[PDB]
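First, one chain by itself: the form deposited in one PDB entry, in structure tokens.
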């Protein structure tokens, strides 16, 4: 069984960490009798320098034709002062739109070995294990109309439109339901239905889908209360589904709650077609080339690729297990270094994970 995978090294530490994840993905796959055809393509800063835009059509083609996409990082000092349309970040937005990956999955789990990195007390942080499923390509970030107008009274007025069509809510909810089935069967839908008409429609559509997934325990929660519950009792959550802006905010909160941002993977899924998998950390221009980067998030992203992309559990478990073994053996990169542990560079951490995969 051969899969085609598009690699998007990108910028800063991206290539370093994608390279390691590639090898990890290859070994874990091999053990489960799975081989891969890898092709690297330009995106972000690297695409700008090479082609002159952040996402060349050739990259979209390769991604669309492959079975899954693994992305490193995007961004850097050099391109920060570019026109918005020519910024690296614009390439991320474009690839998401091109692949139609409307569903962003960010698992926030506190690993037994890293409990102390969280600013929450141990008994609260330990065993946190939640998944935020965030609507990724619609909502207020892309809503119309939008703009800054001057109302002929000379005064400027700024506006944006939070808007969802029923079919947009249906498809993100289904993914969430299917995702809860792959976890603990508990789904919490988060909105502002006590005030916003868009949230009322959100809640109506999710509520109606419940009968199609009767095995899943559905609940509802207001976004302001969810922001409190994440701080008070994050262990209550399994899977959460929510819109683009609430998802952006609540996922970041949950990420910081886990304590180690450099350990967190992400997956962006579409209805059919290849998904896009990347660590949530940025390109970390400062430590690029210095062998300091933490490759665990990208590795764990390769594990999400196997699981949510290719439906290859086992191969995925091998990766997750090897990450644990490495941490169990006391290995830590700078961002997760703790008193008494073994500080290591990116390369060496990669090697320790590869070593466990055998």
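Numbering follows the first chain given and starts at 1. Note that the rigid core is defined as the largest set of C-alphas that superpose within 1.5 Å between two forms.
- Query: Do the CA atoms of 86-94 or those of 245-253 have the higher mean B-factor in the entry?
  - Reply: Per the PDB entry, the higher value belongs to 86-94.
- Mean C-alpha B-factor higher for 4-12, or for 348-356? Higher mean C-alpha B-factor: 348-356.
- Per the entry, which of 154, 265, 185, 275 tops the list for Cα B factor? Going by the entry's C-alpha B-factors, 154 comes out highest.
- Could you tell me which one of 81, 258, 239, 199 shows the highest CA temperature factor in the PDB record? Answer, based on the entry's C-alpha B-factors: 81.
- Message: Considering every modelled residue of the chain and its Cα B-factor in the PDB entry, is residue 294 in the lowest, middle or highest third?
- Response: Middle third, going by the recorded CA B-factors of the chain.
- Message: Going by the CA temperature factor in the PDB record, which third of the chain does residue 107 belong to: lowest, middle or highest?
- Response: Ranked within chain, residue 107 CA B lands in the lowest tercile.
- Mind checking which third residue 69 falls in for C-alpha B-factor across the chain? It belongs to the lowest third of the chain when residues are ordered by C-alpha B-factor.
- Item | residue 119 - which third its CA temperature factor falls in, relative to the rest of the chain | Lowest third - that is where residue 119 ends up once the chain's C-alpha B-factors are sorted.
- In terms of the chain's CA B-factor thirds, is residue 217 lowest, middle or highest? Its C-alpha B-factor, which the entry lists for residue 217, ranks in the middle third among residues of this chain.
Just so you know, the form deposited in another entry exists too; it's not on screen, but the next bit is about it.
- Which residue moves between the shown form and the other one, judged by a Cα shift of 2 Å or more on the rigid core: 116, 170, 129, 217? The listed residue whose C-alpha shifts by at least 2 Å is 217.
- Indicate whether residue 264 shows a C-alpha shift of 2 Å or more between the shown form and the other one, with the rigid core used for the fit. Stays below the 2 Å threshold, so no.
- residue 193 C-alpha moves between the shown form and the other one by 2 Å or more, core aligned: Comparing the forms between the shown form and the other one, which are aligned on their rigid core, residue 193 does shift its C-alpha by 2 Å or more.
- Look at residue 76 and decide if its Cα position differs by 2 Å or more between the shown form and the other one after superposing on the rigid core. The answer is no; the displacement is under 2 Å.
- Cα distance between residue 29 and residue 182, which in that other deposited form differs by 3 Å or more from this form, closer or farther: Relative to the displayed form, residue 29 and residue 182 move farther apart in that other deposited form - a change of at least 3 Å between their C-alphas.
- Item | Inter-Cα distance between residue 36 and residue 181 in that other deposited form, nearer or further [3 Å or more] | Relative to the displayed form, residue 181 and residue 36 move farther apart in that other deposited form - a change of at least 3 Å between their C-alphas.
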